[PDB]
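Beneath this line is the structure, given in structure tokens, with notes to follow.
Throughout, a chain's letter reflects where its sequence line sits, starting with A, and its residues are numbered from 1. Both ligands and their constituent atoms are indexed starting at 1 by order of listing.
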Protein chains: 4
Amino acid sequence: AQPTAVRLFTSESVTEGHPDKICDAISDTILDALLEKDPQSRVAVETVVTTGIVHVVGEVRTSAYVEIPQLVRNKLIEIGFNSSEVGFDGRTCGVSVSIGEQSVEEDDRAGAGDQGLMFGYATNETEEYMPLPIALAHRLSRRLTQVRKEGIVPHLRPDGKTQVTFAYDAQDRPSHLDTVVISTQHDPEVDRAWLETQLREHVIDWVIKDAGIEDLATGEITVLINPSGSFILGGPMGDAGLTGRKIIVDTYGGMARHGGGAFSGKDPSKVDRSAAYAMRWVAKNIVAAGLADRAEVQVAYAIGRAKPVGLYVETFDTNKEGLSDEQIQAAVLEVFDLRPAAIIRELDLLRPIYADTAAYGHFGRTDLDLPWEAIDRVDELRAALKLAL
Amino acid sequence: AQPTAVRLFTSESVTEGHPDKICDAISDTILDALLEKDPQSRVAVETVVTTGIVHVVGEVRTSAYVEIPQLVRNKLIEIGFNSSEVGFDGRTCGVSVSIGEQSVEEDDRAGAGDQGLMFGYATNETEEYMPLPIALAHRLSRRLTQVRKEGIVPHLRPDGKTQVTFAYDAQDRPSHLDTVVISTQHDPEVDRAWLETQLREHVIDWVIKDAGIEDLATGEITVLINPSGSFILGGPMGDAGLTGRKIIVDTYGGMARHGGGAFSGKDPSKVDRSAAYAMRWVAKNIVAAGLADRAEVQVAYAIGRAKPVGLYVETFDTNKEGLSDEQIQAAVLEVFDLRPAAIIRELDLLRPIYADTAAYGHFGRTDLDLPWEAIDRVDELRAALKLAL
Amino acid sequence: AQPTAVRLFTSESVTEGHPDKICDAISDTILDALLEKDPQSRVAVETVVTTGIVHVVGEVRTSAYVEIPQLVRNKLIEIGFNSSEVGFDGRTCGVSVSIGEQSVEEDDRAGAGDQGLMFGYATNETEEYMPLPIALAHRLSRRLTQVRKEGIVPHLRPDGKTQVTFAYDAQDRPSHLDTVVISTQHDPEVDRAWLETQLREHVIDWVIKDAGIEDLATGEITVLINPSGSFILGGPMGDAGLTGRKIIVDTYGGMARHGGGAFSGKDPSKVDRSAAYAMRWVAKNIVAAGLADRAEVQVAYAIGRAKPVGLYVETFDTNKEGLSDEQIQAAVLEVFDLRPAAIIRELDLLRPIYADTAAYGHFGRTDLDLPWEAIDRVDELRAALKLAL
Amino acid sequence: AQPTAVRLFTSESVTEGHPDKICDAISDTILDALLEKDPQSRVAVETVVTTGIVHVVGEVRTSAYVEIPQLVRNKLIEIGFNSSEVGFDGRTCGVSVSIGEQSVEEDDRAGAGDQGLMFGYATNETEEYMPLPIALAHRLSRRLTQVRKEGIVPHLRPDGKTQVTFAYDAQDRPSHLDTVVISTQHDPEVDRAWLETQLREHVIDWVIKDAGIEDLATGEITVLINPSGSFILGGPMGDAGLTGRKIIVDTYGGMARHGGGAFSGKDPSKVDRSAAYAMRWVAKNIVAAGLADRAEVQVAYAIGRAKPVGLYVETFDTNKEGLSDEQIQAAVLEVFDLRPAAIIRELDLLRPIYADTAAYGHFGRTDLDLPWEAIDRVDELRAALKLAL
Ligand code: NA
Ligand code: NA
Ligand code: NA
Ligand code: NA
């Protein structure tokens with residue numbers, strides 16, 4: 001009868017050298033430097049980059065002493081922006097700071113510092129409990145940076161972007177890898193032709209095997225490398241960057257819903273970051289407890305109130321043990337303390353662990369030890385639901 | 001058996017006086033001023049505000065001559081930031097500009113200027129085809145600004161935020177208004193007690209009737225006004241703002257998925273904005289054609305390619321006429337040209353219509369005449385699907 | 001025969017509220033804050049102000065920890081810029097910092113850090129060894145600020161300027177006060193008419209008596225107060241300010257020659273400041289030793305060399321004891337060690353004494369205890385010249 | 001009897017690549033670009049440079065449309081700052097603009113826009129009527145830039161400084177060249193040893209002959225080239241620059257007195273620039289009319305008044321024709337209209353001639369055709385004094 005089209009779902013990542021990620025990384029490098037000397041630091045630090053300029057703005061309350069300019073310059077050199085020839089130089093660029101520095105009992109009862117909504121998500125489709133499209137995109141962006149830093153593929157520059165499109169079935173499940181896009185900055189000594197062969201072998205094919213998805217990468221797949229052509233100049237020049245402009249890359253690649261809150265530059269007292277981490281923790285435990293294959297949980301808060309005004313559990317009809325999302329939600333309310341101060345305490349968030357989160361995703365990081373990734377509430381959830389352990 | 005909790009879903013809005021929205025508004029005021037003199041202007045303008053400072057950065061290619069500083073200062077005075085006493089003054093604040101100005105046949109075949117994914121959404125639960133929680137939040141933020149500008153409620157200041165939590169049923173449908181939060185900046189002559197009575201009557205109750213949701217606002221509802229207490233100082237001072245930091249408020253309040261792209265400061269050549277508008281157009285027409293009650297469509301693009309690499313139609317089991325989402329998607333591919341240049345042409349996007357979008361939502365605006373809100377593809381969709389008109 | 005005109009010589013001062021002096025004061029407040037915690041601080045700090053903005057730039061090498069933004073804001077409130085109504089507000093203005101913090105035996109032999117020339121001057125026409133025109137202008141600017149801060153004259157604002165013109169004789173000597181100009185910022189509650197009566201009595205007439213110049217202020221003198229009319233808005237708005245843009249007001253009002261070097265923002269290792277202070281010390285001692293009535297000494301230096309490349313003593317034919325300027329210069333070379341490290345040691349310059357110098361003149365300050373004002377080399381100079389003590 | 005020392009007088013110049021001169025040049029490039037399209041442009045433009053940053057601030061009232069960022073970048077490339085390797089790059093540096101653009105009969109009677117004093121000077125010791133020390137320093141700085149741009153001496157970079165010390169007699173007259181200092185930025189391929197031979201021959205010796213001062217350059221002269229050693233990195237990085245920080249280099253090298261006013265960035269309506277130019281015109285005509293060998297004239301003004309409040313002619317006992325400085329001054333008052341609008345009209349100042357003045361001196365420029373250098377009032381002065389023509 002009426003023709004059917006194949007539904008194609010896409011997620012993207014970027015390198016640490018994409019201007020938005022430079023900002024997220026600088027914001028979180030400042031936050032770590034402050035939490036290292038004063039774990040109680042309140043931090044709302046935003047970064048903006050444009051041609052030859054890094055502008056850091058916002059508010060800090062801290063007892064720590066940190067040199068922000070040297071932190072900025074060293075982070076840019078670590079990413080690889082070390083020359084006017086590459087379009088940006090940590091050693092010779094402008095750095096400007098406009099930050100204002102001034103003007104368990106009660107602890108767990110402190111109000112949210114702001115209103116807002118935050119979402120968390122988990123799926124058993126990958127070992128890291130992450131949607132396949134975003135996971136593959138992050139692996140590709142990380143591998144692109146690795147081949148450059150380890151010299152596996154030479155003549156590469158820091159700025160880069162990755163995009164993965166997967167065909168899906170009528171049940172909303174991933175079926176086949178359809179299209180992979182990789183755009184990387186490079187030296188004038190190399191061209192798209194050289195990059196096409198180098199990246200398809202050392203980045204795309206290597207990641208397909210490293211991720212064990214060969215079964216989804218069989219057949220015909222479109223590979224586009226530098227489809228726009230030469231990419232010699234990259235970074236802030238001709239592409240302004242700002243902190244909190246890659247919130248979907250930082251989370252689940254669009255597979256999960258988002259509340260709009262950015263994470264980088266914010267200390268754990270900001271529900272925009274802490275509550276999103278708590279929701280990832282809750283969702284992962286819900287799936288790890290065998291209550292569902294996929295779970296998305298929204299939490300919401302009123303300024304000056306510790307208890308959430310909202311909570312919303314969705315398992316997309318993958319609910320198990322004959323339990324409804326309403327029943328799973330009641331078990332979440334019994335097991336998890338979602339007051340801001342309780343989240344900081346239970347996840348031990350007052351440590352300099354954030355700069356690592358500021359590129360390649362906050363969630364499903366096999367390479368990091370992040371507390372919101374712990375499946376340490378499975379027994380509590382099944383017990384609360386009167387299920388066998 | 002195991003206890004059930006009520007699922008509670010939340011969406012928020014902000015006034016034009018919230019620092020992030022000041023940035024979005026200034027970005028889009030610059031874009032309109034350029035499109036008014038040169039409809040072909042290429043515009044990537046980002047705004048950052050902090051204490052006493054407005055910093056505009058990015059790239060313009062235009063034949064137009066516009067005075068950016070006066071555009072900034074006049075827009076701040078229009079929002080109401082006109083005094084150090086209010087925390088920010090359009091007449092005496094810093095304004096800095098770091099913008100680089102330099103360095104139908106083929107038309108419809110031009111490549112996307114970037115890769116990326118964009119989502120569009122529509123629901124028949126409201127006349128404006130918008131999710132109820134975000135629609136109520138936008139109505140509250142708009143009414144809060146209106147009562148101040150028209151003097152219905154005196155002693156109010158520009159900065160404000162609104163949040164609405166709705167109880168939902170097991171079928172993922174809104175059932176009852178549960179909690180409304182309103183936080184507004186104000187003069188020292190008034191306090192939370194005075195605001196509680198004034199806002200609950202002139203803003204919350206007025207909006208409930210104006211929106212015809214009295215049937216969902218019966219019973220017990222929690223109303224919180226300035227729950228954190230006094231809000232005399234607002235705007236950029238002590239709360240830095242950046243363009244593209246309210247993308248969920250700009251779209252569907254978290255009910256729909258998002259690709260991460262910000263809209264303000266970008267000319268229609270940027271798929272981050274144009275493709276999101278096209279997806280709203282497609283989704284609204286899908287629901288207006290009676291093919292579904294709710295529809296979310298993702299579109300994706302590779303840099304240097306005109307045809308999308310991806311498209312993904314989801315109607316959440318509300319599909320009608322015995323049609324699958326695969327069949328609806330094939331009809332969307334027959335009816336809609338989703339090449340960037342085709343979207344600009346069919347929606348007539350090369351006009352100064354964007355500043356109005358930069359607060360109170362880009363979608364479901366009864367007060368504006370926006371081309372992506374037109375249900376002018378219903379006949380084409382039903383025809384393509386061989387349905388009666 | 002051919003007609004004679006009366007030669008009229010002019011010098012000016014400004015209040016601490018003039019935008020250039022705001023910059024000098026902020027630069028020297030930062031320098032003092034650093035010298036207070038680390039007397040070895042190397043400091044090259046420049047300040048720029050414009051509408052709503054304070055931008056601090058340059059280089060520091062220090063072990064000290066100081067909060068520059070709070071130092072800026074507190075200094076602006078001390079001057080009186082505390083409202084958008086006054087045109088500038090220390091509490092709500094932008095503050096941006098772009099300062100790089102990184103990348104006796106030998107001591108007295110260290111090279112000059114730069115080349116350059118510096119002049120010093122002294123005259124016995126006043127008790128403070130200062131030219132009469134600049135001394136009167138400084139007294140007027142200080143009195144204008146005092147009447148405002150002590151409330152002697154109400155409704156005054158911080159920004160102000162003073163100018164004094166004196167008639168001179170054919171021997172280049174001051175003969176009579178001819179014209180006094182005072183321009184002050186003010187509240188809208190007062191006008192030029194009210195200021196004319198208030199300032200002429202509480203500022204001009206009071207200073208004439210306080211300085212004991214009634215004998216030069218007899219007869220007809222032109223007094224102009226706010227000759228341009230209203231001065232409600234002042235400070236950086238509509239009048240950008242920069243450090244080192246009032247070098248003549250900082251020195252001798254144009255009576256003496258200048259080498260071009262600014263003083264504020266520079267630690268004592270900078271010959272631009274230290275050598276100018278040494279030349280004031282030498283000139284004052286030359287006149288205090290009875291070797292001349294007026295003396296101007298230029299000193300010059302090559303980068304990487306401790307000994308001056310030049311020295312130039314001029315007494316304008318006021319030389320005494322039958323000694324030439326060549327003979328006085330030889331005695332200066334016997335008495336004074338003018339190597340940069342020797343100047344720092346002999347004048348004890350490594351102390352937070354500079355913020356006080358940053359308005360109302362570096363020289364002839366009766367209200368301060370500055371080491372370059374000490375006449376403690378008179379005995380040494382007369383001895384070296386084989387004169388009676 | 002008491003020993004005599006030789007009095008040694010010093011003046012300095014800098015290249016167009018010294019950071020202060022970069023600012024003066026950018027300020028005056030903006031002013032020319034505006035005067036070229038709108039000769040009535042009111043312009044108060046200040047430039048600040050530091051590592052990787054160019055910040056332009058102030059006020060413009062104009063009908064002209066100019067692209068300030070491209071003017072900045074092109075001027076930096078013209079000076080030679082075109083690489084991170086050289087320490088600064090016009091193509092990749094930050095450029096920020098904070099300029100406010102808003103908020104014959106009567107003509108000749110307009111008030112001075114500000115109070116202030118300004119000095120002019122002329123001497124017959126050189127053909128250009130300039131003091132020998134500053135003239136030689138300017139010739140050396142210009143030659144240093146020329147050898148680099150024409151490739152006479154390779155491996156040179158833009159930043160450089162020159163200093164000349166001359167021995168003087170007891171009559172205050174130059175007697176012999178004593179010390180010449182040249183410090184130039186350079187490539188790592190060359191060292192001080194190579195520069196010592198190249199600059200002493202192609203710059204110092206060439207200038208001595210080009211200026212015809214071989215008679216003052218006989219005997220023993222100290223030549224110091226890069227006495228501090230290597231100078232690979234120069235420009236704004238590690239040496240902040242500001243407009244109006246080289247006012248002595250711009251005028252007479254300290255031989256003449258100064259009122260403190262900077263010239264660059266100011267349109268001819270600013271007496272700080274116009275009145276200083278008028279005083280150079282008056283002084284040069286006084287000496288060219290045979291009334292003196294050396295002449296210095298100070299002029300002063302009250303805000304809102306067209307007629308000077310002061311004028312002061314000094315010829316240092318070099319007065320001729322048995323005329324006093326009082327008599328010469330009366331003749332100056334008969335011959336010259338020194339109202340601001342009269343100076344603009346008589347010197348035809350409303351033209352884009354200022355960028356050329358912004359390095360290598362405003363006065364005695366043989367290479368430019370500047371109206372304040374015209375000796376076209378000699379006949380009028382001698383006539384007024386009843387002398388033979
Ligand atoms: Na579905
Ligand atoms: Na559901
Ligand atoms: Na004289
Ligand atoms: Na003399």
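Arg7(A) pairs with exactly one of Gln298(B), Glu326(B), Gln329(B) by the side chain to side chain donor-acceptor pair (under 3.5 Å) rule, that one being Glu326(B). Among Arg257(A), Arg280(A), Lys284(A), the one residue that satisfies the salt bridge (charged side-chain N to carboxylate O under 4.0 Å, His left out) test with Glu296(A) is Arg257(A).
In this structure, the side chain of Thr123(D) does not engage the main chain of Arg294(D) through any donor-acceptor pair within 3.5 Å. Side-chain atoms of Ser11(A) do not come within 3.5 Å of backbone N or O of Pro133(A) as any donor-acceptor pair.
Using a 30° and 60° split on the angle between ring planes, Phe9(B) and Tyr312(A) fall in the perpendicular class, above 60°.
Here the protein contributes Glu314(C) OE1, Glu314(C) OE2, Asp172(D) OD1, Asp172(D) OD2 as N, O or S atoms under 3.0 Å from the Na ion (ligand 4).
A donor-acceptor pair shorter than 3.5 Å can be found between the side chains of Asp325(B) and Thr315(B).
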